[PDB]
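S.K.: structure.pdb is reproduced below (PDB, C-alpha atoms).
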MODEL        1
ATOM      1  CA  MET A   1      64.194 -33.969 -93.550  1.00  0.00           C
ATOM      2  CA  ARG A   2      65.986 -34.109 -90.198  1.00  0.00           C
ATOM      3  CA  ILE A   3      65.116 -31.582 -87.500  1.00  0.00           C
ATOM      4  CA  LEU A   4      66.264 -31.357 -83.878  1.00  0.00           C
ATOM      5  CA  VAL A   5      64.716 -29.135 -81.217  1.00  0.00           C
ATOM      6  CA  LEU A   6      67.339 -28.991 -78.420  1.00  0.00           C
ATOM      7  CA  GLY A   7      66.412 -27.548 -75.026  1.00  0.00           C
ATOM      8  CA  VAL A   8      69.609 -26.903 -72.920  1.00  0.00           C
ATOM      9  CA  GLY A   9      70.155 -25.464 -69.439  1.00  0.00           C
ATOM     10  CA  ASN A  10      69.951 -26.389 -65.754  1.00  0.00           C
ATOM     11  CA  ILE A  11      66.697 -26.803 -63.871  1.00  0.00           C
ATOM     12  CA  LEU A  12      68.486 -26.282 -60.557  1.00  0.00           C
ATOM     13  CA  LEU A  13      69.481 -22.690 -61.379  1.00  0.00           C
ATOM     14  CA  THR A  14      66.242 -20.691 -61.472  1.00  0.00           C
ATOM     15  CA  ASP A  15      65.963 -18.985 -64.923  1.00  0.00           C
ATOM     16  CA  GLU A  16      68.731 -21.113 -66.436  1.00  0.00           C
ATOM     17  CA  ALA A  17      66.001 -23.758 -66.754  1.00  0.00           C
ATOM     18  CA  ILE A  18      64.208 -21.694 -69.492  1.00  0.00           C
ATOM     19  CA  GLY A  19      65.529 -23.754 -72.405  1.00  0.00           C
ATOM     20  CA  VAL A  20      64.469 -27.064 -70.880  1.00  0.00           C
ATOM     21  CA  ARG A  21      61.023 -25.757 -69.901  1.00  0.00           C
ATOM     22  CA  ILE A  22      60.426 -24.429 -73.442  1.00  0.00           C
ATOM     23  CA  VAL A  23      61.067 -27.848 -75.030  1.00  0.00           C
ATOM     24  CA  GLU A  24      58.990 -29.590 -72.325  1.00  0.00           C
ATOM     25  CA  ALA A  25      56.035 -27.299 -73.126  1.00  0.00           C
ATOM     26  CA  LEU A  26      56.430 -27.971 -76.888  1.00  0.00           C
ATOM     27  CA  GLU A  27      56.350 -31.756 -76.378  1.00  0.00           C
ATOM     28  CA  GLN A  28      53.343 -31.518 -74.050  1.00  0.00           C
ATOM     29  CA  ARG A  29      51.204 -29.134 -76.119  1.00  0.00           C
ATOM     30  CA  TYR A  30      51.812 -29.939 -79.785  1.00  0.00           C
ATOM     31  CA  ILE A  31      51.692 -32.873 -82.130  1.00  0.00           C
ATOM     32  CA  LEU A  32      54.667 -32.902 -84.474  1.00  0.00           C
ATOM     33  CA  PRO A  33      55.731 -35.127 -87.355  1.00  0.00           C
ATOM     34  CA  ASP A  34      58.066 -38.056 -86.491  1.00  0.00           C
ATOM     35  CA  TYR A  35      61.107 -36.527 -88.221  1.00  0.00           C
ATOM     36  CA  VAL A  36      61.164 -33.616 -85.701  1.00  0.00           C
ATOM     37  CA  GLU A  37      63.155 -34.842 -82.702  1.00  0.00           C
ATOM     38  CA  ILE A  38      62.861 -33.067 -79.326  1.00  0.00           C
ATOM     39  CA  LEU A  39      65.730 -33.442 -76.820  1.00  0.00           C
ATOM     40  CA  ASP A  40      66.499 -32.171 -73.353  1.00  0.00           C
ATOM     41  CA  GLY A  41      70.316 -31.842 -73.567  1.00  0.00           C
ATOM     42  CA  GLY A  42      70.792 -30.273 -70.087  1.00  0.00           C
ATOM     43  CA  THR A  43      74.391 -29.055 -69.623  1.00  0.00           C
ATOM     44  CA  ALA A  44      75.964 -31.781 -71.760  1.00  0.00           C
ATOM     45  CA  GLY A  45      78.606 -31.041 -74.401  1.00  0.00           C
ATOM     46  CA  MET A  46      80.378 -33.511 -76.683  1.00  0.00           C
ATOM     47  CA  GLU A  47      78.016 -36.344 -75.730  1.00  0.00           C
ATOM     48  CA  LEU A  48      75.417 -34.517 -77.910  1.00  0.00           C
ATOM     49  CA  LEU A  49      77.659 -34.688 -80.966  1.00  0.00           C
ATOM     50  CA  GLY A  50      75.809 -37.581 -82.644  1.00  0.00           C
ATOM     51  CA  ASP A  51      72.366 -36.122 -81.960  1.00  0.00           C
ATOM     52  CA  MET A  52      73.327 -32.713 -83.375  1.00  0.00           C
ATOM     53  CA  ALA A  53      74.847 -33.956 -86.644  1.00  0.00           C
ATOM     54  CA  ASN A  54      73.223 -34.029 -90.094  1.00  0.00           C
ATOM     55  CA  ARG A  55      70.271 -31.801 -89.252  1.00  0.00           C
ATOM     56  CA  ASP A  56      68.399 -29.753 -91.825  1.00  0.00           C
ATOM     57  CA  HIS A  57      67.395 -27.370 -89.071  1.00  0.00           C
ATOM     58  CA  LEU A  58      68.801 -27.254 -85.559  1.00  0.00           C
ATOM     59  CA  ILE A  59      66.769 -25.222 -83.098  1.00  0.00           C
ATOM     60  CA  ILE A  60      68.171 -24.514 -79.658  1.00  0.00           C
ATOM     61  CA  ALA A  61      66.383 -22.895 -76.691  1.00  0.00           C
ATOM     62  CA  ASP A  62      68.533 -21.476 -73.868  1.00  0.00           C
ATOM     63  CA  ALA A  63      69.110 -18.687 -71.323  1.00  0.00           C
ATOM     64  CA  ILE A  64      71.239 -15.857 -72.742  1.00  0.00           C
ATOM     65  CA  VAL A  65      73.674 -14.737 -70.025  1.00  0.00           C
ATOM     66  CA  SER A  66      76.385 -12.794 -71.852  1.00  0.00           C
ATOM     67  CA  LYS A  67      74.401  -9.746 -72.974  1.00  0.00           C
ATOM     68  CA  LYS A  68      73.440  -6.554 -71.128  1.00  0.00           C
ATOM     69  CA  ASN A  69      69.708  -6.364 -71.947  1.00  0.00           C
ATOM     70  CA  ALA A  70      66.816  -6.396 -69.467  1.00  0.00           C
ATOM     71  CA  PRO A  71      65.678  -9.631 -67.829  1.00  0.00           C
ATOM     72  CA  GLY A  72      62.854 -11.234 -69.805  1.00  0.00           C
ATOM     73  CA  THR A  73      64.102  -9.966 -73.171  1.00  0.00           C
ATOM     74  CA  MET A  74      63.835 -12.553 -75.952  1.00  0.00           C
ATOM     75  CA  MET A  75      66.489 -12.716 -78.667  1.00  0.00           C
ATOM     76  CA  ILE A  76      66.516 -14.857 -81.799  1.00  0.00           C
ATOM     77  CA  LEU A  77      69.946 -15.552 -83.346  1.00  0.00           C
ATOM     78  CA  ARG A  78      70.543 -17.457 -86.569  1.00  0.00           C
ATOM     79  CA  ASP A  79      73.380 -19.371 -88.226  1.00  0.00           C
ATOM     80  CA  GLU A  80      76.860 -17.860 -87.650  1.00  0.00           C
ATOM     81  CA  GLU A  81      75.605 -15.712 -84.792  1.00  0.00           C
ATOM     82  CA  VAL A  82      74.965 -18.763 -82.568  1.00  0.00           C
ATOM     83  CA  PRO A  83      78.546 -20.166 -82.337  1.00  0.00           C
ATOM     84  CA  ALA A  84      79.766 -16.604 -81.802  1.00  0.00           C
ATOM     85  CA  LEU A  85      77.263 -16.130 -79.002  1.00  0.00           C
ATOM     86  CA  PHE A  86      78.233 -19.456 -77.404  1.00  0.00           C
ATOM     87  CA  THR A  87      81.936 -18.532 -77.433  1.00  0.00           C
ATOM     88  CA  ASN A  88      81.957 -16.665 -74.116  1.00  0.00           C
ATOM     89  CA  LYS A  89      83.541 -17.208 -70.677  1.00  0.00           C
ATOM     90  CA  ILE A  90      80.407 -16.669 -68.635  1.00  0.00           C
ATOM     91  CA  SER A  91      78.721 -19.988 -69.359  1.00  0.00           C
ATOM     92  CA  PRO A  92      80.865 -23.092 -69.527  1.00  0.00           C
ATOM     93  CA  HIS A  93      78.025 -25.234 -70.939  1.00  0.00           C
ATOM     94  CA  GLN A  94      77.627 -22.817 -73.875  1.00  0.00           C
ATOM     95  CA  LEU A  95      81.367 -22.999 -74.601  1.00  0.00           C
ATOM     96  CA  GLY A  96      81.076 -26.819 -74.677  1.00  0.00           C
ATOM     97  CA  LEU A  97      78.240 -26.359 -77.274  1.00  0.00           C
ATOM     98  CA  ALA A  98      80.530 -24.057 -79.272  1.00  0.00           C
ATOM     99  CA  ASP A  99      83.120 -26.914 -79.260  1.00  0.00           C
ATOM    100  CA  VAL A 100      80.499 -29.373 -80.529  1.00  0.00           C
ATOM    101  CA  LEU A 101      79.558 -26.996 -83.363  1.00  0.00           C
ATOM    102  CA  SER A 102      83.269 -26.674 -84.342  1.00  0.00           C
ATOM    103  CA  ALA A 103      83.670 -30.458 -84.480  1.00  0.00           C
ATOM    104  CA  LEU A 104      80.591 -30.651 -86.744  1.00  0.00           C
ATOM    105  CA  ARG A 105      82.016 -27.964 -89.059  1.00  0.00           C
ATOM    106  CA  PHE A 106      85.258 -29.925 -89.222  1.00  0.00           C
ATOM    107  CA  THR A 107      83.445 -33.104 -90.290  1.00  0.00           C
ATOM    108  CA  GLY A 108      81.062 -31.484 -92.782  1.00  0.00           C
ATOM    109  CA  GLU A 109      77.935 -32.151 -90.714  1.00  0.00           C
ATOM    110  CA  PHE A 110      77.112 -28.668 -89.501  1.00  0.00           C
ATOM    111  CA  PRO A 111      73.372 -27.966 -89.481  1.00  0.00           C
ATOM    112  CA  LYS A 112      72.059 -26.496 -92.761  1.00  0.00           C
ATOM    113  CA  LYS A 113      70.046 -24.030 -90.670  1.00  0.00           C
ATOM    114  CA  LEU A 114      70.567 -22.975 -87.032  1.00  0.00           C
ATOM    115  CA  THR A 115      68.218 -20.992 -84.834  1.00  0.00           C
ATOM    116  CA  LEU A 116      68.631 -20.083 -81.191  1.00  0.00           C
ATOM    117  CA  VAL A 117      65.654 -18.786 -79.240  1.00  0.00           C
ATOM    118  CA  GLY A 118      67.012 -17.187 -76.127  1.00  0.00           C
ATOM    119  CA  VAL A 119      65.733 -15.404 -73.076  1.00  0.00           C
ATOM    120  CA  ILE A 120      67.717 -13.264 -70.669  1.00  0.00           C
ATOM    121  CA  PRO A 121      67.309 -14.468 -67.096  1.00  0.00           C
ATOM    122  CA  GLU A 122      66.310 -12.471 -64.043  1.00  0.00           C
ATOM    123  CA  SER A 123      67.881 -14.759 -61.434  1.00  0.00           C
ATOM    124  CA  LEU A 124      70.427 -17.583 -61.585  1.00  0.00           C
ATOM    125  CA  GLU A 125      70.234 -18.669 -57.916  1.00  0.00           C
ATOM    126  CA  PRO A 126      70.263 -22.311 -56.835  1.00  0.00           C
ATOM    127  CA  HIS A 127      66.523 -23.088 -56.877  1.00  0.00           C
ATOM    128  CA  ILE A 128      63.935 -25.037 -58.868  1.00  0.00           C
ATOM    129  CA  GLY A 129      61.397 -22.609 -60.326  1.00  0.00           C
ATOM    130  CA  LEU A 130      61.442 -19.823 -62.885  1.00  0.00           C
ATOM    131  CA  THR A 131      60.986 -16.187 -61.940  1.00  0.00           C
ATOM    132  CA  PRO A 132      57.583 -14.720 -62.859  1.00  0.00           C
ATOM    133  CA  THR A 133      59.175 -12.501 -65.494  1.00  0.00           C
ATOM    134  CA  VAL A 134      60.891 -15.412 -67.288  1.00  0.00           C
ATOM    135  CA  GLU A 135      57.948 -17.767 -66.861  1.00  0.00           C
ATOM    136  CA  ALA A 136      55.740 -15.293 -68.810  1.00  0.00           C
ATOM    137  CA  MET A 137      58.191 -15.708 -71.733  1.00  0.00           C
ATOM    138  CA  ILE A 138      57.519 -19.416 -72.274  1.00  0.00           C
ATOM    139  CA  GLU A 139      54.530 -18.746 -74.618  1.00  0.00           C
ATOM    140  CA  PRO A 140      56.225 -16.143 -76.795  1.00  0.00           C
ATOM    141  CA  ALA A 141      59.405 -18.304 -76.962  1.00  0.00           C
ATOM    142  CA  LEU A 142      57.258 -21.313 -77.849  1.00  0.00           C
ATOM    143  CA  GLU A 143      55.704 -19.316 -80.719  1.00  0.00           C
ATOM    144  CA  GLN A 144      59.211 -18.542 -81.988  1.00  0.00           C
ATOM    145  CA  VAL A 145      60.195 -22.213 -82.075  1.00  0.00           C
ATOM    146  CA  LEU A 146      56.918 -22.953 -83.948  1.00  0.00           C
ATOM    147  CA  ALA A 147      57.766 -20.230 -86.478  1.00  0.00           C
ATOM    148  CA  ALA A 148      61.270 -21.607 -87.026  1.00  0.00           C
ATOM    149  CA  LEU A 149      59.761 -25.079 -87.505  1.00  0.00           C
ATOM    150  CA  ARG A 150      57.149 -23.680 -89.966  1.00  0.00           C
ATOM    151  CA  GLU A 151      59.989 -22.054 -91.897  1.00  0.00           C
ATOM    152  CA  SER A 152      61.346 -25.567 -92.590  1.00  0.00           C
ATOM    153  CA  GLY A 153      57.874 -26.703 -93.649  1.00  0.00           C
ATOM    154  CA  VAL A 154      56.509 -28.332 -90.502  1.00  0.00           C
ATOM    155  CA  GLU A 155      53.173 -27.351 -89.036  1.00  0.00           C
ATOM    156  CA  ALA A 156      52.712 -28.244 -85.408  1.00  0.00           C
ATOM    157  CA  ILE A 157      49.202 -29.105 -84.311  1.00  0.00           C
ATOM    158  CA  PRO A 158      48.033 -28.095 -80.886  1.00  0.00           C
ATOM    159  CA  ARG A 159      46.881 -31.195 -78.954  1.00  0.00           C
ATOM    160  CA  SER A 160      43.688 -29.313 -78.078  1.00  0.00           C
ATOM    161  CA  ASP A 161      42.653 -29.733 -81.755  1.00  0.00           C
ATOM    162  CA  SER A 162      42.755 -33.511 -81.301  1.00  0.00           C
TER     163      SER A 162
ENDMDL
END
Before anything else, please render the file you have as structure tokens.
M.R.:
Amino acid sequence: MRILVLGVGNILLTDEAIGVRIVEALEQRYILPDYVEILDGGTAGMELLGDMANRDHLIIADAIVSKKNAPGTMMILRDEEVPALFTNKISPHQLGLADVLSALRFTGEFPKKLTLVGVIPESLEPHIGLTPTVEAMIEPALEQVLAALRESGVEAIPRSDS
């Protein structure tokens, strides 16, 4: 079983750090089996190709910036909806991710399952630090990545039960 939990985004842009902070909280609070890899991919594109390939379940956390919903809204997209979502002209790093997914489809190594847990940002200003409204969404987003993990048969153990 190969599973990757990919946090993507930019810590320097306020709420565009949400993906990276989600995956940092996971790693810090839960004990997971060795076949679950956790990676901070930042704003990288094609350099992630090898990490993303041959995954039974690929879970991505990121800020959703191409939808008109209220700041702080959480959206879960699965399978064919994630490439579609990433094919936009608002976020260049998402378009690079859409190119990586295409390359993987071309070589027959597209993830068997794909889940995106996304949160719509409040502010994208140059600054290190989430807004209060997005910061309150770390826990609920974290529960969603746990649920997606549990759906592939992995149970995460809180470190507090250790």
S.K.: Name all residues at most 8 Å from range 72-74 of chain A (count only C-alpha atoms; drop same-chain ones fewer than 6 positions away) and give them as number ranges by chain.
M.R.: A: 117-122, 133-134, 137, 141
S.K.: Determine the nearest neighbour of residue 157 in chain A from the options A:16, A:26, A:8, A:1, counting only C-alpha atoms.
M.R.: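 Between A:16, A:26, A:8, A:1, the residue approaching residue 157 in chain A most closely is A:26.
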S.K.: Using the chain letters and numbers from this file, what does the PyMOL selection byres ((chain A and resi 160) around 10) select? Give the answer as a VMD selection string.
M.R.: chain A and resid 29 to 31 157 to 159 161 to 162
S.K.: Excluding range 102-114 of chain A and residues on its chain fewer than 6 positions from it, collect all residues at most 8 Å away from it, counting all atoms listed in the file, and give them as a PyMOL selection string.
M.R.: chain A and resi 49+52-60+78-79+82
S.K.: Residues within 8 Å of (65.8, -16.4, -83.3), file coordinates, counting all atoms listed in the file: what are they? Give the list as a list in words.
M.R.: residues 75, 76, 77, 78, 115, 116, 117, 118, 144 and 148 of chain A
S.K.: In Å, rounded to a single decimal, give me how far CA of residue 68 in chain A is from CA of residue 125 in chain A.
M.R.: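 One can read the CA of residue 125 in chain A to CA of residue 68 in chain A distance as 18.2 Å.
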S.K.: Find, counting only C-alpha atoms, the residue in A:156, A:146, A:138, A:48 that gets nearest to residue 63 in chain A.
M.R.: A:138
